[PDB]
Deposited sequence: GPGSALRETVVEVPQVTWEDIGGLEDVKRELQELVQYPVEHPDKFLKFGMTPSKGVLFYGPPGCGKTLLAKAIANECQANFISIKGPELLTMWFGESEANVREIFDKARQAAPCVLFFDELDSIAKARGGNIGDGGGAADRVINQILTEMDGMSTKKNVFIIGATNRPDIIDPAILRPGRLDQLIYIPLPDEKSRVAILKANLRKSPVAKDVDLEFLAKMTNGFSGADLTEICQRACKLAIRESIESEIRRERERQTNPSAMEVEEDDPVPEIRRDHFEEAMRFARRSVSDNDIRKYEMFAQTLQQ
C-alpha cells in the first residue's frame, strides 16, 4: 500500500540536530525557490541513514514524507530476489506516485549476481531528474560496507549518523511514546532514563507497551469483579513489573564499532 504517512517530527524523541537539517533539506527548495535560482542549486536527490538498529531511521523517512505531503513506498532488502526489472518496476511506481519518498530498507544484507541489482539501482538513480519529485532514502546497520559509488555526487547526497539515544533523548522517547496515554503522576521518566543506559528506542517502546498492557488488563479484571457487588491510569508499579522484562538489544562491542566509525569522519 502507498499512502502519506502519519508519524510527524513530534513522534520522534531526540535527534533534533538531524531534524532541522532534514527540514531545510526539503523546505529550502520550496520556501525559497527564489534563491535556488540565482546561484543555480539542483535540489537534494537523497540521503543514507546509518547506525544501530531500532533508533529511528524508518521514522525519519516517514516523517519526511508526512512533512512534504508525499506518498511513502517502502521496499525491504532481501525481497529484491527472484530479476533485475524489479529495480525498474519499483522506480516506475514511485515516479507514478510523485510527490514520493522511496525508502530502501535493510540492505546491508545485499552488501554481503547481487553484483548489479546495485548497478541497476545506480543506473535507475542517475536517470531520474529532480523534476520527477521523488526523494530516495536508504538505511543500513553496516556502515563499513557501503559501496562508495552510491554516495558519489549526483546520487545519495548525504550520509547521516542516527545513534543510540543519550540520557536526554531517552526521556524524550519515553515522553513521545506516551504523549497520548494517561500516565499516573507518580511516574518519573527522568529516573527511568538514568536506568536505561544503552537501551535503544525500540527497547524503550517495548517497556512502554508492557506497562500499558498491564494497566488495562488490570482494568478489565477489576470491574469484572466489582460488578459482582473515570479513566484508569498507567502507574509506577506497572512500569516496575514491565522492567523485569527489560535489557538492551545492542551489545557493547557493536556500540564501539559504530562509535569508531562515526568519529573518524569527524
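Absence of C-alpha coordinates is noted for several segments of the deposited sequence, namely 1 to 9, 92 to 96, 127 to 137, 255 to 268, 306.
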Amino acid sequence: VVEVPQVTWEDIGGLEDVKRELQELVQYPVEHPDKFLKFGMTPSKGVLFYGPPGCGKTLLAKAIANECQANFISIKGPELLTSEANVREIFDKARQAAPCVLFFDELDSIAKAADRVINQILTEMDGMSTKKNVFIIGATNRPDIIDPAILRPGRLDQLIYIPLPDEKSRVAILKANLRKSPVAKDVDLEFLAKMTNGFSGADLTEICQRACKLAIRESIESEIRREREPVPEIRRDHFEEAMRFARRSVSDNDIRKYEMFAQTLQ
From here on, numbers count along this sequence of modelled residues.
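Here the stretch with the larger average CA B-factor, out of 83 to 91 and 183 to 191, is 83 to 91. As the entry records it, the average C-alpha temperature factor is higher for 145 to 153, out of 163 to 171 and 145 to 153. The PDB entry gives the largest Cα B-factor of the residues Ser200, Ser222, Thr58, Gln69 to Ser222. Out of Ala139, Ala176, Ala98, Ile110, it is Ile110 whose C-alpha atom has the highest B-factor in the PDB entry. Per the PDB record, residue ranking by Cα B-factor puts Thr42 in the highest third of the chain. In this PDB entry, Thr196 carries a Cα temperature factor that places it within the lowest third of its chain's modelled residues. In the PDB entry, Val231 places in the highest third of its chain by CA B-factor. Among the modelled residues of its chain, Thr205 has a C-alpha B-factor that falls in the lowest third according to the deposited record. Per-chain ranking of the deposited C-alpha B factor places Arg244 in the highest third.
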